[PDB]
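Note sheet for the following structure.
Just so you know, all these numbers are worked out from the coordinates, no wet-lab data involved. Cβ coordinates were reconstructed from backbone atoms using ideal geometry, including for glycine residues, and neighbour counts include every protein chain displayed.
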Amino acid sequence: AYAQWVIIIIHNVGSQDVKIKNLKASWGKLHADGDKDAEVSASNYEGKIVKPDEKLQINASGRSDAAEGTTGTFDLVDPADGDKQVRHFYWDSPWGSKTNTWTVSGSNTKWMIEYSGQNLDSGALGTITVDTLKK
Amino acid sequence: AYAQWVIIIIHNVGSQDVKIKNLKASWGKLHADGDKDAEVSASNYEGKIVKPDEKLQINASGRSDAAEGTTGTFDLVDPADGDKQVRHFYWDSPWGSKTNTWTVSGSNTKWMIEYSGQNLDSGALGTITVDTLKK
Amino acid sequence: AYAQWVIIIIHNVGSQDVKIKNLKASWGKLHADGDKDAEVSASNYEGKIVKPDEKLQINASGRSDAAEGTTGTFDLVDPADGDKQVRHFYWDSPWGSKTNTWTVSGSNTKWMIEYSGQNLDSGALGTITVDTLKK
Amino acid sequence: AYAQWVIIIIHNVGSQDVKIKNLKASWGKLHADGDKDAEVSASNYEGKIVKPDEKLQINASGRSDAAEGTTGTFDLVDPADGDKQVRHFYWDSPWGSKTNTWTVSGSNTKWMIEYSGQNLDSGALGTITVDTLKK
Amino acid sequence: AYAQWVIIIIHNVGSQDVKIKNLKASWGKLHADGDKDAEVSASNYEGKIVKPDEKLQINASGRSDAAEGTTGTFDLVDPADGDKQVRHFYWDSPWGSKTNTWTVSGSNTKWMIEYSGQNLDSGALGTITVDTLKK
Amino acid sequence: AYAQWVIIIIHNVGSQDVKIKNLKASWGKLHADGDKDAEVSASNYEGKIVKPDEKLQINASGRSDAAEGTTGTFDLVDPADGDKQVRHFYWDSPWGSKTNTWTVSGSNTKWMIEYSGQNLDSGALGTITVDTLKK
Amino acid sequence: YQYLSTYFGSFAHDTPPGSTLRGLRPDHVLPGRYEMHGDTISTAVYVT
């Protein structure tokens, strides 16, 4: 359903480029800003570089009025060192459960990543803002 | 009902204090972050001073399983100008009507207020970040 | 029921104090080590300071033959930073559902928390050692 | 049954090699980490040397849903003096009894052995961590 | 029943004090030496200090003609090390089950404990001499 | 019956040899240590010398499940003076009476004999330890 | 008294190099600042 939705805002608070890779929604669909009807392919975001001091928004939502949440993953990768992983992000806003999942796995000591705004209790996964900073 | 909820994050990006006044939840209830069960009173935020660079979170939602949504109002005022009104904020996430409502009124010209993150189509109102600054 | 149980061993490997807060067993009961009959109150651990190199054990389990499992939450906070939250811990070993749950949330970046030993497939949740360190 | 299980973690807290010998499970079966279905022969551990400052894990469990616990023995032996015994370890997590057995017999004044985490009251035998150190 | 009885003779062969704690007869009753009728309270031994070369006798047995056996537990602890536990002793001479039980648990390494004289096949548990020494 | 039993431990606390003579069980049978089924003839102990600083154990018990106790005698004799008597020991743990008998008769001023652990009230005769000393 | 480092090995009371390791009177030392190394607690070492 559209009631299962998530907004992921990648905000570069540093001065080095960061790339988005392997963006894939296994359940649900990526869509446009403020428009859950305008589906957009993952190619619009995969390979994109979030320049420092600007934000990139990824909107995911379940199929219209369906019994399906939205589940997806992407990598944030530093292009300055041959596209090594910074962190692996996984989100899951299911339709038939209360516990939403927002996992940031991986290790990269040269990068610091913060995130806020997620809701894991019940309902939608909300607007998660992720501040990325290369030290 | 808990399906209708709203989070308001007032962020005083400016360099002078801003005060909350007349906070009132006409429908639903306020609560502590992460716990819709832990109801809180409006007095916990009434008259509070948001210092520069400080963030203040107000969480509202419907009651336990009731057919009510949530609705409330408050004011941002300037403590340094005789509590002159800066802005008037109204939020409404109804349970019956699908469309939500987030309205900011006022005409104070020595202030900049920028609100973002609201959802108006269907479901909960969501998380709204309100950046405040005094010119 | 006693078949569902959990042991949590907080080990402050770091060099600065860490405080327990908001310890609450919503289901089942806490008890003294080695004696599930000897129930203990949450106040015996609330506000306790885990000094560096000190180990603190919290034992929870279901009640006497009841169909309940066990479930609880607590917080690690930093006494040296105005009780700023370090982490939020949630444990659940249900009697009905087979799968257990051990969740650690939070975004404190000047702390390292490492938990190991939990069992999530079936049976009791087990023993979980949580090594804490402040950067 | 799988409810009868034991994890034995040999952790070398010294600076001399220690060997595992005569590992034998009379009842139950040795299995993989976090996988009670992947049975492993005792040859995977017999004769292995636990290098200082690293841990070796032995997982034993009863037959699937059977009326059988897990009973076994092994020797820890110092290879520096012609494979003499350090200690003899015996574990018994039966299915038709409450009292689990964890016996560390033998004598070797040149070695100090500590162990913790066992449960002898009822249920599984738990995760026993054994710290070994040659003096 | 008086047919089930146990005598425990703690003998501090070492040169430093050892303290009794948590003495508890869950079944049967304690009594004065040579007189099973002369019941005594656990407080007569709780917290007692066994000086070096001193011997302390604890006599337990079933009640008057009751079908109960006897069962109890206590702890030896080190008064010079903040009452750190030395050993945990459990005794059981059941009236119904033929086999008795005498269990000594603990992992204190700066102490030597040697118990002898128990009978485990049938009848009363007997007399058990427990020589204690601190390294 | 096996319920009627006695253990006699001769412990040389001196520095001179002592001999056991005329060991004879009129009722019951001598048996092995911890094995009431392994009957042993009196020739195994008669004429034996208990070297200083070591213990010799004599186990007597009634016939299996019979209406017969265990009654016996022996001499402790000093071999240094032509096998003169030190003391004459008589034990009686009857099946059809409550009063057990443990008599140490005879006179030898050059020897000091202590004994402890006997029970004369009811039941078995217990484990009697006899410390022998030559002055 | 205090000593400035942890021992990486087995401390030998009576043989070198452990026989010559010494601690200092408290007035000889002042508190320092750590400098951590290693990604994990199992391999975390401070450089005072």
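Pairs under 9 Å by beta carbon, first residue in contact (Cβ under 8 Å) with a residue 24 or more places away in the chain in segment G:20-45, partner part of a strand (DSSP E or B), six or more apart or different chains?
These pairs meet every condition: G:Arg25/G:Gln2; G:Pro26/G:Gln2; G:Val29/G:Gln2.
Please work out which residue is surrounded by the most Cβ atoms within 10 Å (Cβ to Cβ), limiting yourself to segment E:118-130 and to residues that are in a strand (DSSP E or B) and within 13 Å of chain F (Cβ to nearest Cβ). Quick ask: steps written out before the conclusion?
Initial filter on segment E:118-130 (in a strand (DSSP E or B)): E:126-130.
If we keep only those that are within 13 Å of chain F (Cβ to nearest Cβ) too, we end up with E:126-129.
Values: E:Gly126: 22, E:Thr127: 25, E:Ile128: 21, E:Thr129: 18.
For segment E:118-130, the residue satisfying everything is E:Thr127.
If you check G:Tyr1 against the conditions, is it among the aromatic types (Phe, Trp, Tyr) and either in contact with a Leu (Cβ under 9 Å, 6 or more places away or on another chain) or within 14 Å of chain D (Cβ to nearest Cβ) (or both)?
Numbers: among the aromatic types (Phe, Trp, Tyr): yes; either in contact with a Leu (Cβ under 9 Å, 6 or more places away or on another chain) or within 14 Å of chain D (Cβ to nearest Cβ) (or both): yes.
Yes, satisfied.
Considering only residues that are within 14 Å of E:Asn22 (Cβ to Cβ) and within 12 Å of the chain's Cα centre (by Cα), look in segment E:82-97 and name the one that is surrounded by the most Cβ atoms within 10 Å (Cβ to Cβ).
Step one: filter segment E:82-97 for residues within 14 Å of E:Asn22 (Cβ to Cβ), giving E:83-91.
In the following step, the residues that additionally are within 12 Å of the chain's Cα centre (by Cα) were identified as E:87-91.
Values: E:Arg87: 19, E:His88: 19, E:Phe89: 25, E:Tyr90: 16, E:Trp91: 22.
Going through the qualifying residues, I end up with E:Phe89.
Could you list, in sequence order, the residues of segment C:25-36 that are touching a residue at least 24 places away in the same chain (Cβ under 8 Å), surrounded by fewer than 17 Cβ atoms within 10 Å (Cβ to Cβ) and not in a loop (DSSP other than H, G, I, E, B)?
Applying the first criterion (touching a residue at least 24 places away in the same chain (Cβ under 8 Å)) to segment C:25-36 yields C:25-33, C:36.
Narrowing the set further to residues that are surrounded by fewer than 17 Cβ atoms within 10 Å (Cβ to Cβ) leaves C:26, C:32-33.
Matches in segment C:25-36: C:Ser26, C:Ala32.
Can you find a residue in segment D:1-9 that is small (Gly, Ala, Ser) and either at positive phi or touching a residue at least 40 places away in the same chain (Cβ under 8 Å) (or both)?
Initial filter on segment D:1-9 (small (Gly, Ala, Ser)): D:1, D:3.
Right, trim to either at positive phi or touching a residue at least 40 places away in the same chain (Cβ under 8 Å) (or both) and you get D:1, D:3.
Yes.
Could you check segment D:44-96 and list, in sequence order, the residues that are touching a residue at least 24 places away in the same chain (Cβ under 8 Å) and among the small types (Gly, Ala, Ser)?
The answer is D:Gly47, D:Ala60, D:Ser61, D:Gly62, D:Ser64, D:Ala66, D:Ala67, D:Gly69, D:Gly72, D:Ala80, D:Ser93, D:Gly96.
Being assigned to a loop (DSSP other than H, G, I, E, B) and either under 20 Å from A:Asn119 (Cβ atoms) or within 13 Å of another protein chain (Cβ to nearest Cβ) (or both) narrows it down to one of B:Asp65, B:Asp53, so name that one.
Numbers: B:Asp53 fails: either under 20 Å from A:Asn119 (Cβ atoms) or within 13 Å of another protein chain (Cβ to nearest Cβ) (or both).
When all the criteria are applied, what remains is B:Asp65.
Pairs please, first residue from segment A:97-108 and in contact (Cβ under 8 Å) with a residue 12 or more places away in the chain, second anywhere and among the β-branched types (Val, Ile, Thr), Cβ atoms under 6 Å, 6+ apart in sequence or on different chains.
Taking only residues 6 or more apart or on different chains, the pairs are A:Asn108/A:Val86.
So which residues in segment B:83-100 are away from chain A (no Cβ under 14 Å), under 17 Å from B:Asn59 (Cα atoms) and assigned to a strand (DSSP E or B)?
B:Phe89, B:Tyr90, B:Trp91, B:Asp92 - these are the residues of segment B:83-100 that are away from chain A (no Cβ under 14 Å), under 17 Å from B:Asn59 (Cα atoms) and assigned to a strand (DSSP E or B).
So, in segment A:50-81, of the ones that are of a type in the set (A, V, I, L, M, F, W, C) and under 12 Å from the mean Cα position of the chain (by Cα), which residue ends up surrounded by the fewest Cβ atoms within 10 Å (Cβ to Cβ)?
Going residue by residue through segment A:50-81, those that are of a type in the set (A, V, I, L, M, F, W, C) are A:50, A:56, A:58, A:60, A:66-67, A:74, A:76-77, A:80.
If we keep only those that are under 12 Å from the mean Cα position of the chain (by Cα) too, we end up with A:56, A:58, A:60, A:74, A:76.
Numbers: A:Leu56: 16, A:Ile58: 25, A:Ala60: 24, A:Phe74: 22, A:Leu76: 23.
Among them, the one singled out is A:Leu56.
Looking at this structure, is C:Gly47 outside any strand (DSSP E or B), closer than 25 Å to B:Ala32 by Cβ and not charged (D, E, K, R)?
Spelling it out, C:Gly47 is indeed outside any strand (DSSP E or B), closer than 25 Å to B:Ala32 by Cβ and not charged (D, E, K, R).
Can you confirm whether F:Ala42 is surrounded by 15 or more Cβ atoms within 10 Å (Cβ to Cβ), in contact with a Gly (Cβ under 7 Å, 6 or more places away or on another chain) and not aromatic (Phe, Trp, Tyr)? It would help to see each step written out before you state the result.
On the way: surrounded by 15 or more Cβ atoms within 10 Å (Cβ to Cβ): yes; in contact with a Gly (Cβ under 7 Å, 6 or more places away or on another chain): no; not aromatic (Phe, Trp, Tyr): yes.
No.
Which residues, taken from segment G:5-48, are assigned to a loop (DSSP other than H, G, I, E, B), surrounded by 10 or more Cβ atoms within 10 Å (Cβ to Cβ) and away from chain D (no Cβ under 14 Å)?
Within segment G:5-48, G:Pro17, G:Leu21, G:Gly23, G:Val29, G:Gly32, G:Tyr34, G:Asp39 qualify.
Among the numbered criteria (1) without any contact (Cβ under 8 Å) to a residue 40 or more places away in the chain; (2) within 14 Å of chain F (Cβ to nearest Cβ); (3) over 21 Å from D:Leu120 (Cα atoms); (4) surrounded by 14 or more Cβ atoms within 10 Å (Cβ to Cβ), which one does E:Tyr115 miss?
Here E:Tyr115 clears every test but (3).
Just the residues that are in a loop (DSSP other than H, G, I, E, B) and either of a type in the set (A, V, I, L, M) or more than 13 Å from every other protein chain (Cβ to nearest Cβ) (or both), please, taken from segment E:101-112.
Quick first cut of segment E:101-112, residues in a loop (DSSP other than H, G, I, E, B) only: E:106-110.
The answer is none; no residue qualifies.
Output the residue which, of all residues in segment C:1-24 that are under 17 Å from C:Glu54 (Cα atoms) and crowded, with 21+ Cβ neighbours inside 10 Å, is nearest to the other protein chains (Cβ to nearest Cβ).
It comes out as C:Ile7.
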